[PDB]
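As you go down the protein sequences, you meet chains A, B, C, D, E, F, G, H and I in turn. Residue 111 is where the first sequence starts when you use full-length UniProt numbering, and the numbers rise one by one after that. Residue 646 is where the second sequence starts when you use full-length UniProt numbering, and the numbers rise one by one after that. If you use full-length UniProt numbering, the third sequence corresponds to residues 369 to 477, 490 to 560, 596 to 633, 660 to 705, in order. If you use full-length UniProt numbering, the fourth sequence corresponds to residues 217 to 283, 292 to 573, in order. Residue 348 is where the fifth sequence starts when you use full-length UniProt numbering, and the numbers rise one by one after that. Residue 189 is where the sixth sequence starts when you use full-length UniProt numbering, and the numbers rise one by one after that. Residue 2 is where the seventh sequence starts when you use full-length UniProt numbering, and the numbers rise one by one after that. Residue 11 is where the eighth sequence starts when you use full-length UniProt numbering, and the numbers rise one by one after that. Residue 161 is where the ninth sequence starts when you use full-length UniProt numbering, and the numbers rise one by one after that. Note sheet for the following structure.
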Amino acid sequence: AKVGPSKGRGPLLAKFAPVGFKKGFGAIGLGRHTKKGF
Amino acid sequence: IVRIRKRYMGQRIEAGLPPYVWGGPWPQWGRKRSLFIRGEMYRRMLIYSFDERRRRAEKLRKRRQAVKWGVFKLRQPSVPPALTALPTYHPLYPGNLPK
Amino acid sequence: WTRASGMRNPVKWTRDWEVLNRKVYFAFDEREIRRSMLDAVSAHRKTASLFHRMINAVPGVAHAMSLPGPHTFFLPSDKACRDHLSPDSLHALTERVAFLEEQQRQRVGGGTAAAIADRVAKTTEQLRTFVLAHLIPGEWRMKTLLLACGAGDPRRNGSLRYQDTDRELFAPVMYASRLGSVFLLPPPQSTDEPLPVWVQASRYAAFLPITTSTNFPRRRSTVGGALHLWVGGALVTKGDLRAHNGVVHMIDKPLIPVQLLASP
Amino acid sequence: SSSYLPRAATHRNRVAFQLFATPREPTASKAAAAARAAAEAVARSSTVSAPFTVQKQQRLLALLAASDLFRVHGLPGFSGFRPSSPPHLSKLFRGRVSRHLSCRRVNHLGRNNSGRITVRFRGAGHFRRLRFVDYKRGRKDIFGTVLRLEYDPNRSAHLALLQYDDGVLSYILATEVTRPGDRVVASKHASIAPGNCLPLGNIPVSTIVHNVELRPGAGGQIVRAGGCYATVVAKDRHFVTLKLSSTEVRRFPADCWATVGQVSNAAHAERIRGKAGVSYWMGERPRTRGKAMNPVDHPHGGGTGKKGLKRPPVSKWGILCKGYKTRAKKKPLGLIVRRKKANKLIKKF
Amino acid sequence: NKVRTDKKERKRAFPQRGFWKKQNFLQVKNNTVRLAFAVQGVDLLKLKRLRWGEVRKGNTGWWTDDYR
Amino acid sequence: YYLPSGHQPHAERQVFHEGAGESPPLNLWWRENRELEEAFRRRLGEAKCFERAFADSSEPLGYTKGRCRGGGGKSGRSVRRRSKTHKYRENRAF
Amino acid sequence: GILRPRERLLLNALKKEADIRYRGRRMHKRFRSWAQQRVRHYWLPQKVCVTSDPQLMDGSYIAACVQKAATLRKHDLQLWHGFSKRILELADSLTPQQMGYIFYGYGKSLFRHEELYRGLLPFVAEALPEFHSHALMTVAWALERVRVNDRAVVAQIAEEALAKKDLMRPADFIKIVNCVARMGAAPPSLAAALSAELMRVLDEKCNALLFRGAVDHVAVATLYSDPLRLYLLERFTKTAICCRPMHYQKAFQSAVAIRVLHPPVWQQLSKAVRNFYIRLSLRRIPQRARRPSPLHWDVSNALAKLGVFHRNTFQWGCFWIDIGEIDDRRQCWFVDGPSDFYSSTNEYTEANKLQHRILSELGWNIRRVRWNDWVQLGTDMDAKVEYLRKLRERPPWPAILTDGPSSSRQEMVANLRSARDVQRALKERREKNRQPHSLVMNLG
Amino acid sequence: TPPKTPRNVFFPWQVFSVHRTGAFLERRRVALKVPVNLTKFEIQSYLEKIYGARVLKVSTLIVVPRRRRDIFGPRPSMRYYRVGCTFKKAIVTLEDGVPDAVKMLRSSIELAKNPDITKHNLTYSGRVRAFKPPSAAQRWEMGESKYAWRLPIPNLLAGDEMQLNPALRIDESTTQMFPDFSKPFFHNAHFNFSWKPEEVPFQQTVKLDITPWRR
Amino acid sequence: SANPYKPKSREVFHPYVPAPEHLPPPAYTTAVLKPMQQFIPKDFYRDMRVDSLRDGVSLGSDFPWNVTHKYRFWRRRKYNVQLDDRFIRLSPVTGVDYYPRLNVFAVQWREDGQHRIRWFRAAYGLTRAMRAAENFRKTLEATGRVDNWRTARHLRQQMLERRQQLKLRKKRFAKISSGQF
RNA sequence: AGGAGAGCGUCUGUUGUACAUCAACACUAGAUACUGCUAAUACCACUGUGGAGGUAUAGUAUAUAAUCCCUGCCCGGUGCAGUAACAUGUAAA
RNA sequence: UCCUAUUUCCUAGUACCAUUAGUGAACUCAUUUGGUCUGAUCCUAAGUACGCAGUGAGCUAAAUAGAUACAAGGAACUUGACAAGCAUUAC
RNA sequence: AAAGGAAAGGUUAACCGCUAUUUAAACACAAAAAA
RNA sequence: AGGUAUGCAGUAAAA
RNA sequence: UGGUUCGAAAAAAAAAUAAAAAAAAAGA
RNA sequence: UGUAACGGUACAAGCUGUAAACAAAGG
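As structure tokens, this is what we get:
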């Protein structure tokens with residue numbers, strides 16, 4: 111295949127995805143998103 | 646000819662001679678007034694930034710002036726709102742008219 | 369698919385400067401406004417309380433000001449009225465506006493009663509004349525007024541284009557070597608005298624060369666900007682309050698008609 | 217369509233009320249007294265009681281016909305484009321429809337919930353807004369002033385912005401003689417003047433009406449298109465007979481409300497488009513003929529070179545479409561007194 | 348690509364007479380590196396040109412041998 | 189029904205046709221009290237443009253609809269009826 | 002859908018202008034952080050209603066209510082005077098934690114009720130052995146902010162902090178030292194002890210964010226010892242990257258004070274550190290808007306009527322000058338208001354004295370106006386002109402600023418009320434003078 | 011993947027190791043390999059509590075080793091693999107310097123790979139044109155005023171250690187001779203600011219003639 | 161194309177930009193500028209020099225250099241130079257245009273209602289082609305082959321052949337005007 | 001791709017990507033037929049959806065088409081309409 | 001005591017993830033030199049005060065694809081003016 | 001004329017909602033209840 | 001003509 | 001500077017991810 | 001249950017879970 115985990119690509123990451131994809135690595139949470147992007 | 650002129654001007658730059666240029670008639674190679682159009686755009690951007698700064702200053706000043714000693718107060722309506730609420734039998738009271 | 373926005377807007381706008389100039393024209397001169405002149409007046413009611421009250425309390429004035437015909441309204445402020453009107457005139461105006469509002473409220477709810497109709501008619505006519513003395517045919521925007529007064533004309537804009545000051549008196553640390596045309600607008604709807612308009616240089620103009628690159632050749662009001670626009674002896678404080686059917690210009694003095702003025 | 221308010225709000229077979237009341241008085245008894253006073257005032261003001269006919273409409277139209293500073297100074301507009309008339313002279317408002325009385329139109333593009341095309345030959349067209357027009361005239365015994373007349377892209381007639389005496393704004397269908405500054409009212413005591421809304425039982429014979437309710441209080445449904453109108457033929461205690469624009473004679477309950485006059489914009493039919501592009505803007509798509517297709521695609525298709533229909537005309541679905549009746553035979557006529565015949569027969573007899 | 352998943356090997360199955368050398372770009376890059384080293388007192392080009400076991404201090408060479 | 193703000197009730201209007209009687213001043217009875225204003229606004233919001241009729245078996249004269257009088261079908265198309273192995277879960281489970 | 006060509010063009014132009022407006026709007030937001038921190042580990046887990054009747058409140062409830070009101074900016078005079086009455090009733094039954102929270106609320110809200118602090122301080126002194134770091138810090142902090150000066154009690158608080166050094170929080174100790182320096186309450190032995198402890202606290206317990214709070218020019222000039230001065234000035238060069246304009250300003254003022262009054266220490270610094278501060282002197286350190294006060298404006302008006310050219314509220318070096326004359330630039334004036342002294346006294350603040358001495362030694366001829374004397378002139382202009390002329394006819398003030406006569410809280414309150422009345426009258430008769438009032442309408 | 015950090019640790023398992031970079035790092039900066047799930051606050055607290063380091067800033071990147079295909083050796087299996095592990099590269103800026111020989115790589119075999127020597131004059135990637143934001147001194151707020159060298163206090167602090175006149179820092183081998191202001195010359199030679207000195211005479215403003223045919 | 165939707169005026173527009181309608185007076189208006197009594201607030205010049213550009217008329221004696229801060233353009237600014245005002249490919253002779261894809265100078269005119277165009281290849285030389293186009297246009301004008309530039313003599317001369325053609329048409333349709341057929 | 005003409009389509013358009021760019025299709029308009037609203041017609045889970053939140057100057061179906069003059073005769077046949085069924089009507093059916 | 005008020009208000013170090021900020025279809029595709037050339041726009045340009053890019057060697061045969069120049073004749077060619085030709089030529 | 005944006009947020013207004021709320025950061029400063 | 005810097009609810013008006 | 005986050009607006013779910021771990025006695 | 005992703009381990013088709021091959025000798 112040309113998209114996906116095939117050919118050694120593995121699971122998707124924000125580095126390999128378009129802007130808008132949300133995926134972290136396991137960090138703890140330290141706060142709250144506001145209603146205005148903060 | 647462009648190559649020759651560039652060589653000469655670069656030679657003067659390297660030598661450190663004064664930054665003089667040929668003064669004669671420069672032909673106009675373009676049609677658009679990009680300089681002035683871009684200047685107008687920059688003017689508009691600067692005005693917008695100034696407006697944002699004014700808005701911020703007014704926001705903070707309004708909050709802080711609202712919270713001042715001798716100005717801020719805790720108040721409630723003089724006449725209890727229970728006395729001024731609509732009686733349950735009022736025609737405009739919810740459920741008292743056909744829908 | 370993308371969620372880039374803001375400074376990373378994926379929209380491929382044109383870079384052609386001529387097209388962008390046309391866009392400027394369409395976005396500023398040909399912009400469409402939904403609200404009306406009375407909408408703007410209500411938005412500024414807190415600063416123009418007296419005129420808002422008159423517009424809402426005098427019969428016919430709201431109808432006249434809500435008509436489609438492109439109009440220009442010069443709105444005085446309560447501060448302007450208080451400063452320029454005599455105390456008795458201000459008291460009379462407030463009392464009569466309150467009287468009209470009170471009669472309206474009575475409607476919501490001998491000879492002595494008969495005189496009420498005459499007084500109402502008199503007050504309505506006088507206040508309608510006063511309010512409509514500020515309504516002018518056509519839409520006269522601020523830049524149009526300035527260009528009509530001559531600002532922007534290279535032959536006439538002298539005394540407004542090269543203002544300078546004694547710099548060393550105000551920015552001394554940078555000057556060690558020195559340390560040693597009346598346009599006429601159509602008459603108000605309630606009068607026949609056309610309105611004079613002129614321009615002057617503000618006190619802030621002289622300080623521009625201190626902080627800007629210049630290419631020169633060989660009490661005072663605190664309103665901002667480099668140019669001041671005067672209409673009928675009154676200064677424009679906030680202009681280009683555009684609407685769908687006209688424009689509102691805020692002024693610092695009421696334009697009382699000669700008929701309502703007192704000769705002695 | 218059903219993409220607006222939900223079924224629970226839109227569907228109600230039996231409406232239990234005909235007067236949308238908005239009383240101001242503190243108690244029900246005082247509200248009733250005020251309603252009686254308002255009805256009596258409307259009755260006192262009402263003076264016209266004669267029928268409103270085609271000839272009276274023509275006379276009013278004739279009377280209405282018989283009876292440089294205003295611009296944006298210093299504003300050089302487009303090089304070629306200009307409005308047909310300035311705002312202070314155009315018949316219509318020239319402005320924008322009220323935002324609080326309209327919403328964006330959901331364009332189904334001729335496709336149903338299945339996603340297939342059910343209504344053929346539909347195109348995107350120009351963006352449109354649906355505006356909330358009061359087909360009910362629910363507010364009774366309160367006078368309103370027509371402030372302006374407005375274009376409607378979904379409707380063949382013109383709309384009128386009505387401001388009630390208490391400040392309420394609404395949109396109603398405009399009559400052929402409706403002009404700014406007109407005073408209108410809905411009541412049984414109202415005079416017989418164009419724009420007024422009355423029960424069909426209080427409108428004299430020969431009068432011309434529009435926006436007729438099939439069920440009392442459910443909002444007018446009959447005679448809405450521009451220039452259309454219906455005529456009052458006969459009246460009895462319970463029913464009133466109307467002749468409709470289709471030449472159909474039908475009875476209506478005497479309690480169904482209606483508005484006096486003809487529907488505005490009677491010149492709609494006179495419009496000439498001039499090019500395919502105008503219909504393209506209006507929202508049409510090309511219509512391919514049945515006989516231009518292959519036999520698998522239409523009954524009329526097939527045949528070397530051009531040919532005739534080769535049979536009595538039928539649609540894509542095999543139904544005769546010239547003279548073949550489609551109304552259900554068993555469906556009762558109900559209040560229909562007589563239904564029109566073919567136009568050829570009508571014009572030849 | 349480095350993982351050899353593309354089809355770039357298809358063209359390499361056909362002969363070509365030659366290939367561009369990009370010498371202008373490569374020389375600009377090389378001279379940038381040389382300047383970065385030289386501002387600190389390093390003669391990278393001299394080091395690269397030295398013969399095996401050859402020692403030349405400063406800016407010296409066969410001409411220094413000739414005149415000394 | 190839309191009720192504009194009490195500080196600007198006057199909507200934009202065209203020029204009144206000649207001879208039209210002067211409109212009386214607006215009666216803003218709903219500005220005496222904020223509670224009255226809110227009640228009136230909610231009452232106005234309760235209004236509806238129209239009420240629609242629909243098939244309902246609870247009504248004595250209700251009815252439903254079948255297919256067209258002629259009884260034909262789209263030319264060249266052999267429509268397959270829905271089944272549990274055809275259009276099984278379109279728009280709803282059952 | 003499609004649009005008519007005019008509509009297409011107008012909306013397209015609107016979109017372009019919106020994009021450009023956004024770009025212009027975001028231009029100056031260099032110091033706008035989408036990630037922001039909020040402090041909440043001081044909020045108590047108990048719930049309270051601030052308007053509850055005070056007579057039902059105890060220390061634990063009233064302290065929490067005061068702190069919550071201060072956090073929520075519910076600055077109501079009646080509410081806070083009820084707080085004062087109830088707290089004075091409950092003075093006998095407050096723990097150090099409750100007293101600390103009360104002082105925090107009062108200082109944070111800047112509620113200048115001197116009587117409450119005066120009545121609560123004796124119990125603070127008595128209960129000092131049981132106090133903890135936060136409570137000591139808060140008492141000192143509130144007193145410094147509101148200008149309530151009690152040197153004996155402040156010194157006792159500092160001594161208690163020294164005794165509990167092993168338990169004190171570094172930030173609390175730094176704040177206590179700064180407050181002691183600003184209030185001028187430490188004799189030489191206490192100053193030496195505090196400097197010795199602060200040296201170790203900063204070297205062992207404070208990272209950059211905690212250390213930057215120790216950079217205060219008043220403490221450097223009047224309190225810190227020479228080794229502490231050297232260590233602080235050296236460490237600021239390392240910790241500058243994490244600092245803000247206030248920290249930079251105080252570091253610059255400290256360097257100038259050391260250079261002007263301690264040339265030996267300035268020389269004992271190293272060349273690299275001196276270079277750092279020389280380069281700091283060249284930077285544009287963001288100040289904040291300052292404007293003449295009503296008293297400042299009155300003095301300026303009287304001076305102008307006298308006929309002396311002058312300029313107001315300008316920055317020279319790392320100082321702000323109230324009035325700077327134009328004809329003779331070295332002549333300057335300072336208008337001293339109620340907050341320039343300690344409450345109920347005419348004693349100048351340490352910052353004011355330090356600024357006076359530094360400017361005097363750098364060459365300025367300073368003259369000073371006291372509001373206590375100015376208020377007695379009233380609205381008269383001839384009297385004020387004569388006052389300023391007589392002050393001008395006399396020599397400048399010494400490099401050491403001496404305190405004025407004795408006063409009392411009664412006289413302070415009386416003078417504040419008189420100043421209020423004078424402000425009102427002057428504003429009224431300024432605006433009335435501005436108003437023309439010349440249009441007369443024949444409407445009647 | 012890595013276990014989430016508890017509120018109280020008592021026994022940290024995270025390994026912070028020094029990373030030898032082939033790129034350039036400043037004097038007071040050091041690069042560390044760290045577990046991917048740690049935050050900047052966690053890293054700073056870890057370093058300040060376990061080592062006592064005085065950390066000023068932490069910057070983070072996520073490094074994923076690139077895909078590699080086994081294609082070369084005899085009997086090659088054309089399978090994909092990654093060398094090393096995914097990790098967080100934490101660049102820590104401290105109060106004191108860190109040795110270059112520690113933080114960066116060196117080589118006498120490939121003479122071009124000496125980042126400690128080449129510094130930021132080279133980009134160590136495919137980047138051709140280096141992007142650098144304006145410096146703090148170049149900014150306006152907390153920036154260096156271009157006329158502060160003439161003020162009294164800076165000159166009082168300078169003493170004999172520093173000379174503040176910018177004329178003394180002019181590079182003779184780069185600047186050109188002063189021209190006559192009355193004759194054609196370039197602005198970029200000696201002005202180095204965005205305005206026109208008054209000593210330059212009045213300049214002619216030329217507006218394009220877009221419709222010559224009309225006249 | 162000469163659209164009907166382009167703006168009428170071809171000038172560079174500087175619209176009046178009003179501030180949000182409810183902002184109070186800006187900070188720099190509090191300054192006191194009496195020489196005897198001075199107070200210059202913070203950011204006075206920064207705020208005022210940008211507020212002055214609002215009206216769109218007083219753009220500054222050095223516009224747009226007073227709002228152009230980027231050094232990219234200042235590095236290119238020259239002094240005491242004389243500049244042309246006309247794009248080199250524009251001709252003052254009406255009807256002369258340039259087609260760049262074809263590399264030709266075109267002369268477009270109207271002659272007897274018809275719209276006609278002729279090409280002049282520029283590969284022989286830009287100046288030569290442009291001058292050939294201008295000479296052709298002027299020759300057409302002089303000989304009266306451009307309708308709008310014709311003279312009374314040209315109109316009279318052309319009317320003769322117009323008359324001949326009209327008589328031919330009359331003979332063509334003679335049988336209809338007489339009443340036969 | 002000029003001047004003078006004829007044929008076919010009025011025209012601007014669509015069009016078979018990769019053998020058909022055409023006289024083929026569409027088109028502005030004139031007609032006819034159906035449809036009184038839970039309208040007809042379409043989709044064919046059918047108290048549902050599009051039609052349409054529209055209402056006979058509307059919607060749907062089938063021809064012929066834009067401008068001018070014209071558009072003859074036939075209801076015997078087939079279909080449709082009409083009636084209890086007839087009679088009778090309807091061809092731009 | 002003539003400013004529309006003479007109204008305290010700088011940047012709290014800052015969660016997680018993306019980015020090689022330039023030339024360049026840089027995408028789908030693959031006879032894939034990534035980058036030059038093949039088109040508008042983007043810097044008041046003597047081509048933007050020396051920029052970006054430049055691929056083994058030989059050799060007079062014809063034939064082919066083109067480019068230029070063709071005496072006199074001028075469509076006699078061809079199914080058909082297809083293809084060509086004109087639209088440069090004292091200055 | 002083919003008849004065109006209004007959800008969240010900011011501004012102004014209104015407001016008897018609430019730590020689901022602006023540093024235990026700092027600067028400035030004639031300033032304020034009751035009696 | 002998406003949302004800008006104490007933040008959650010919440011009504012109206014609008015370049 | 002963007003994503004994230006509120007809205008558009010979506011279980012119309014990007015496996016190994018989160019303001020997202022049993023959810024206030026939190027011990028200030 | 002089964003499988004897989006990352007991480008550790010000879011950078012692995014094995015083993016294994018941040019204790020990532022080993023505790024067996026504790027009031």
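The beta carbon of each residue, even a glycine, is placed where N, CA and C say it ideally should be.
Using only CA atoms, which one of G:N276, G:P399 and G:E394 lies nearest to G:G364? Measuring C-alpha to C-alpha distances from G:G364 to each of G:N276, G:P399 and G:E394 identifies G:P399 as the nearest.
Counting beta carbon pairs with one atom in the region 453 to 460 of chain D and one in the region 420 to 439 of chain D, are three or more of them shorter than 8 Å? Taking 8 Å as the limit for Cβ pairs, the verdict is that the region 453 to 460 of chain D does touch the region 420 to 439 of chain D.
Reduced DSSP secondary structure (H/G/I, E/B, other) of G:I21: DSSP places G:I21 in the helix class (H, G or I) of the three-state scheme.
Please confirm whether G:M442 and C:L701 have their CB atoms less than 8 Å apart. Taking 8 Å as the Cβ cut-off, G:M442 and C:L701 qualify as a contacting pair.
Which residue's Cα is closest to the Cα of G:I158: G:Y107, G:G101 and G:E205? Nearest of G:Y107, G:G101 and G:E205 to G:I158, Cα basis: G:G101.
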